[PDB]
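Engineer: Below: one structure in structure tokens.
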Amino acid sequence: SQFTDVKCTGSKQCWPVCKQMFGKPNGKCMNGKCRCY
């Protein structure tokens, strides 16, 4: 997992975040913050 500080309630929210931050959308909302894979 890659850490982010981006808050979230649902995993789909994390897809654009992870795409911007790490180059792929694969990501889940984990304990209220995005994690990217």
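Naming works like this for the structure tokens: A, B, ... for the chains as they're shown, residue 1 at the start of each chain, ligands 1 onward in shown order.
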As a ChimeraX atom specification, please: the residues near residue 11 in chain A (cut-off 10 Å, only C-alpha atoms, same-chain neighbours under 4 positions excluded).

Structural biologist: /A:15,26-30,32-35

Engineer: Would you mind exporting N, CA and C atoms of the selected residues as a tab-separated table (two decimals), in the first residue's frame?

Structural biologist:
```
chain	number	residue	atom	x	y	z
A	15	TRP	N	-9.87	6.40	-6.55
A	15	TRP	CA	-9.33	6.05	-7.85
A	15	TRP	C	-8.66	7.30	-8.56
A	26	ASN	N	-5.81	2.14	-8.92
A	26	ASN	CA	-5.97	1.06	-7.92
A	26	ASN	C	-5.67	1.61	-6.48
A	27	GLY	N	-6.70	1.58	-5.69
A	27	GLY	CA	-6.77	2.29	-4.42
A	27	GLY	C	-8.06	1.98	-3.63
A	28	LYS	N	-7.97	2.01	-2.30
A	28	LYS	CA	-9.11	1.76	-1.44
A	28	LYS	C	-9.17	2.78	-0.33
A	29	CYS	N	-10.38	3.05	0.14
A	29	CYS	CA	-10.56	3.86	1.32
A	29	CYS	C	-10.39	3.00	2.56
A	30	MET	N	-9.34	3.31	3.34
A	30	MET	CA	-8.86	2.47	4.44
A	30	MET	C	-8.69	3.33	5.69
A	32	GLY	N	-10.54	5.69	6.66
A	32	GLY	CA	-10.88	7.06	6.41
A	32	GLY	C	-9.87	7.86	5.57
A	33	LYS	N	-8.87	7.21	5.01
A	33	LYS	CA	-7.87	7.86	4.11
A	33	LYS	C	-7.62	6.99	2.90
A	34	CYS	N	-7.32	7.59	1.73
A	34	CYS	CA	-6.98	6.74	0.56
A	34	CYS	C	-5.61	5.98	0.73
A	35	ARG	N	-5.59	4.71	0.36
A	35	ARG	CA	-4.39	3.97	0.14
A	35	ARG	C	-4.36	3.53	-1.31
```

Engineer: List as a list in words the protein and nucleic acid residues near residue 3 in chain A, meaning an atom at most 7 Å away when only C-alpha atoms are counted, but skip any in the same chain fewer than 2 places from it.

Structural biologist: residues 1, 5, 35 and 36 of chain A

Engineer: Please identify which residues in chain A DSSP calls helix (DSSP H, G or I) from the backbone, and express them as a ChimeraX atom specification.

Structural biologist: /A:11-22

Engineer: Among chain A, which ones does DSSP place in strand (DSSP E), written as a ChimeraX atom specification?

Structural biologist: /A:2-7,27-30,33-36
